[PDB]
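Notes for the one structure printed next.
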Amino acid sequence: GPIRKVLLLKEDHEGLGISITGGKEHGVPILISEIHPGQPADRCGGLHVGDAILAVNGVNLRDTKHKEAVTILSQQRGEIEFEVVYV
Amino acid sequence: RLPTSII
């Protein structure tokens, strides 16, 4: 599908509210495999299961390994911009 | 085969 930019608002006491799979070491993108009900990703409205996360706050994730992506994603705070695509 | 992380 089209590449989308999506805004997420997170409070400091919460996580993003997603599960991710994949990573470069597996030859597949960082993919959203779960959107947890009521948590920030669900609330933002624009992120969905099956979306590939291409970037977050301008950081490219298309070539990141799984645990690299976890570190980068978990570091983001507040108003967080995602670049995503549903294939 | 593929890892999953909750974040």
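Some values worked out for this structure:
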{"quantity": "Condition check for A:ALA55: under 16 Å from A:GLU83 (Cα atoms) and at the interface with another protein chain (Cβ under 10 Å from one of its Cβ atoms)", "calculated": "no"}
{"quantity": "Flag if A:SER74 is loosely packed, with under 15 Cβ neighbours inside 10 Å, closer than 20 Å to B:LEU2 by Cα and either among the acidic types (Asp, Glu) or within 14 Å of another protein chain (Cβ to nearest Cβ) (or both)", "calculated": "yes"}
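The numbers here are math on the coordinates, done by the rules we state, and not lab data. Cβ sites come from the backbone with ideal geometry, for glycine too, and all protein chains shown count toward neighbours.
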